[PDB]
Amino acid sequence: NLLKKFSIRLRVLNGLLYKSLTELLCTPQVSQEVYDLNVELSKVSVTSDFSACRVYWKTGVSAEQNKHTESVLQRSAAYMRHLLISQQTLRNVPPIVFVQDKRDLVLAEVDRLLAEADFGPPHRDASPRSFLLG
Amino acid sequence: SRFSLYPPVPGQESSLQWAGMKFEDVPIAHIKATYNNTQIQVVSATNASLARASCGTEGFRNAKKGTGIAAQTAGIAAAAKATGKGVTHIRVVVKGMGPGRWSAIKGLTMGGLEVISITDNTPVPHXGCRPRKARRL
Amino acid sequence: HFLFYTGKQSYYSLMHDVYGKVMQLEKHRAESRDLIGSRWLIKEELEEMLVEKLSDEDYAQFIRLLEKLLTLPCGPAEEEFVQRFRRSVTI
Amino acid sequence: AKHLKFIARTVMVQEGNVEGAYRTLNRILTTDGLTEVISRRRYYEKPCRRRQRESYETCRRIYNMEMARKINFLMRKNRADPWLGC
Amino acid sequence: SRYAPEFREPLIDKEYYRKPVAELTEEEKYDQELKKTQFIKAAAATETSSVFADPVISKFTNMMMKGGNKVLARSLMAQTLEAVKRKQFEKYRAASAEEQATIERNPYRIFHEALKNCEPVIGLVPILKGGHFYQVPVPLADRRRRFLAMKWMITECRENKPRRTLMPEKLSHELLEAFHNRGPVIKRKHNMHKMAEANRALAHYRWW
RNA sequence: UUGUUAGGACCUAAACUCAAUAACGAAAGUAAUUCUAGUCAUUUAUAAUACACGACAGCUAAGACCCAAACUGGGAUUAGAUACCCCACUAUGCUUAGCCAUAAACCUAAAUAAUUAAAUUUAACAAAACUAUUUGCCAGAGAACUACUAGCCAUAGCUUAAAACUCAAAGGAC
Ligand SMILES: [K+]
Ligand SMILES: [Mg+2]
Ligand SMILES: [Mg+2]
Ligand SMILES: [Mg+2]
Ligand SMILES: [Mg+2]
């Protein structure tokens, strides 16, 4: 038994899913590893069909740090979906997929360059009938 | 000969003093971290108000009033008023489980106050009041 | 041939000999680079020596067995054997 | 309300590491289940749903523990091939 | 390409090959020994060991060339450098000893320092979000920053000049005027930076 | 109004962790603590026209009212939602006396005593299969949890329950 057993609306779902997943990742509720990653969430984008849910997490500088964060986050995404249905945030939640967002690195970059910038001064076949004949 | 996470026991004699103050005397920083607004109040150990702040009082409005950076600003503001009144060490009782639960404690550190302990007083009823009905979304 | 019913009598007859050599060297007990600038014969060349079709998994297993032979102490007979399956690399 | 204040749920800061104290306090409040309790207590969960969930959580744990046991029972047999070539 | 991917770009640095073996870093030393068993691409017709060959000036020539007329484009660049050298000699001779010291008469150094003065640190890429075209501040690479300086020069001279003036006379007057940080190309650079400061707040709307 | 109170009052309502437990009761149902009363022997299965019970929701009268809350009102939403969302508040959820007798009241498994071999997946999916005993129930589908009759503190209800009619399907698991 056990082995066999085992527009406006999208705005509301996208914002609330972001509002809730940020809370799940601020505590060890999902896992102690997920808590230590100190992951930040750029935004959540739910598809029109609701087949999947995109979670954009602010990527970092180190590829190794990002590769580890991706693996840990993905493994817990299935469990994270359980926590939102169990706390009654949303009755139905799509499979949560974790996507990278490297804009945060770009956002810091612009300010550094901009400050240094020089602005300048201001039927018949099937039947046996054929066969039986000969 | 090791540090103890457990706080000193009231009514006993301990060797731990901060700025020539015992644990029972250090002022208390009450952080109410809700899902919309993070309020902060600092009081003396005799329950006298010294500083007060919140995301709203800083000037944040509506949804921005309930972010991490908004509480951080509120904590720095509470520190400044308390630092003027003569406060260097605070006991942080953080009620609530909202977004600025940690950020408000981080703002108080940035503002020049020294946290010696972190307590939690989030209300947990033992059986209480029926919560509101689940939101259908 | 006693291995006729395996379907690859020549591939398995060769893997039988190389596995028996390995056992005697391991039971009985220097630099292994006796030959340099050489490569292991490609599957197409091996298939020609055996005269039977081999799969990619069969080729990989044969090479791993031949490598194990080189790791172990090798008398002059073993060096001549592994030489048969070493083809001079194009210079 | 009637108990003594500052004994319950109180961690002490070591050498001004205010973040380490907070991170430990969260691990405490989560290991004791207060975090899940506070989250779920935000909205009313009806008794029929509570039993269905707690039943699913129990069966899910049993399945993971047995699968973990099997993966660890064959952890030792995952070693270099002793009979390479045959 | 007719070159298989195994081919290596040629290295046409005369001193590098004649350096003493000990003066070469082991990384460089490794590449030389590796290259002995590899294939090398034939050198381009414009690639030589000449001591007067400047890659930046050679690139600027190709960006002025039209329809494969390299002789004409090289002639225009050669005439330009001469037009700048002759313009600085006149000023140098007609200046006091004190002024003469500052005056620079090397055209190659006026060209490089001019282009560098026209390079923009940040850029703006035009994007569409919410039914309107919203550009956003971007950080520019070393290649995009260099290309923009050359392209802006070759475009100011080609268009915004009198009908009877010639490119060696408009380009010389712009390299020198840019070399002093007062030309119109420098203004174009100021506008690009100035626009980015206005849109600094709205950098969020970037997906690439 | 808010935050704090190692201040006062109130004792309304509900019983965290334990509970990763599987106990009790005929079923419904029952888990804050203490005390009092209390479950028990009919060989066993087999009962209505009798007796006693029966979640939630609902009615009657007098109370209670922390919080929740059909509904109602105000605010948003949209090409427009009596929707979903926000705020306020009511019937109601509580108590003490009466009534209502309905749930996918389902472990969708009647209750008992067997056996694990009959060289038995005896459709398939569920929950291995099968035998004996006693009662209840079923006999293609829609018409029909309907009409009528009868009983009933119920009066749109509840239980009981057809025919004409029309078709060659309806239905179940994969
Ligand atoms: K309304
Ligand atoms: Mg009571
Ligand atoms: Mg008793
Ligand atoms: Mg009421
Ligand atoms: Mg009748």
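Coordinate-derived values only; no laboratory data. Reconstructed Cβ throughout: ideal geometry from the backbone, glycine too, with neighbour counts over all protein chains shown.
Failed condition for B:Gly11, given (1) more than 10 Å from chain D (Cβ to nearest Cβ); (2) part of a loop (DSSP other than H, G, I, E, B); (3) not basic (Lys, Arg), with all others met?
(1)
State whether the residues of the range D:10-24 include one that is of a type outside the set (A, V, I, L, M, F, W, C), under 21 Å from the mean Cα position of the chain (by Cα) and within 15 Å of RNA strand F (Cβ to nearest atom).
Scanning the range D:10-24, I find at least one residue that is of a type outside the set (A, V, I, L, M, F, W, C), under 21 Å from the mean Cα position of the chain (by Cα) and within 15 Å of RNA strand F (Cβ to nearest atom), so the answer is yes.
Output the number of the condition that E:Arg182 fails; it satisfies all remaining conditions of (1) within 14 Å of chain A (Cβ to nearest Cβ); (2) in a helix (DSSP H, G or I); (3) not small (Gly, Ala, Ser).
(2)
Condition first: within 12 Å of RNA strand F (Cβ to nearest atom), closer than 20 Å to A:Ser31 by Cβ and in contact with a helix residue (DSSP H, G or I) (Cβ under 8 Å, 6 or more places away or on another chain). Can you find one or more residues in the range D:41-58 that meet it?
Among the residues of the range D:41-58, at least one is within 12 Å of RNA strand F (Cβ to nearest atom), closer than 20 Å to A:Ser31 by Cβ and in contact with a helix residue (DSSP H, G or I) (Cβ under 8 Å, 6 or more places away or on another chain), which makes the answer yes.
Can you find, within the range B:14-30, the residue that is farthest from RNA strand F (Cβ to nearest atom) among those that are surrounded by fewer than 19 Cβ atoms within 10 Å (Cβ to Cβ), in a loop (DSSP other than H, G, I, E, B) and on the phi < 0 side of the Ramachandran plot?
Checked the range B:14-30; the qualifying residue farthest from RNA strand F (Cβ to nearest atom) is B:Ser15.
Any residue at all in the range B:111-125 that is more than 14 Å from RNA strand F (Cβ to nearest atom) and out of contact with any strand residue (DSSP E or B) (no Cβ under 6 Å at 6 or more places or on another chain)?
yes
Which of the following residues is of a type in the set (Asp, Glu), within 15 Å of E:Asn117 (Cα to Cα) and within 20 Å of the chain's Cα centre (by Cα): E:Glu169, E:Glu177?
Among E:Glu169, E:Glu177, only E:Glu177 is of a type in the set (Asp, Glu), within 15 Å of E:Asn117 (Cα to Cα) and within 20 Å of the chain's Cα centre (by Cα).
Please indicate, with yes or no, whether at least one residue in the range E:135-147 is in a loop (DSSP other than H, G, I, E, B) and touching a helix residue (DSSP H, G or I) at 6+ places or on another chain (Cβ under 8 Å).
Yes, the range E:135-147 has at least one match.
Return the residues of the range D:29-84 that are assigned to a loop (DSSP other than H, G, I, E, B) and within 14 Å of chain B (Cβ to nearest Cβ); say none if nothing qualifies. Full working, then the answer.
Going through the range D:29-84, the residues assigned to a loop (DSSP other than H, G, I, E, B) turn out to be D:32-33, D:41-42, D:45-46, D:74-84.
Listed by number, the residues that qualify are D:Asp32, D:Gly33, D:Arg41, D:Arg42, D:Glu45, D:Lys46.
Would you call B:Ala51 among the small types (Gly, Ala, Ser) and not in a helix (DSSP H, G or I)?
yes
Of all the residues that make up the range B:99-126, how many are more than 14 Å from chain A (Cβ to nearest Cβ) and of a type in the set (D, E, K, R)?
Of the residues in that region, 1 qualify.
Being under 19 Å from B:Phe23 (Cα atoms), within 14 Å of RNA strand F (Cβ to nearest atom) and either buried (at least 22 other Cβ atoms within 10 Å of the Cβ) or within 14 Å of chain D (Cβ to nearest Cβ) (or both) is the filter here, so list the residues in the range B:46-88 that pass it.
Residues satisfying the conditions are B:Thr46, B:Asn47, B:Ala82.
If only one of A:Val61, A:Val93, A:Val30 is within 16 Å of RNA strand F (Cβ to nearest atom), more than 14 Å from chain B (Cβ to nearest Cβ) and either among the acidic types (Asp, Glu) or not in a helix (DSSP H, G or I) (or both), which one is it? Show your work before the answer.
On the way: A:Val61 fails: within 16 Å of RNA strand F (Cβ to nearest atom); A:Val93 fails: more than 14 Å from chain B (Cβ to nearest Cβ).
Sole residue among the options that is within 16 Å of RNA strand F (Cβ to nearest atom), more than 14 Å from chain B (Cβ to nearest Cβ) and either among the acidic types (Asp, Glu) or not in a helix (DSSP H, G or I) (or both): A:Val30.
Which condition number does B:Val93 fail, the rest of (1) within 14 Å of chain A (Cβ to nearest Cβ); (2) within 13 Å of RNA strand F (Cβ to nearest atom) being met?
(1)
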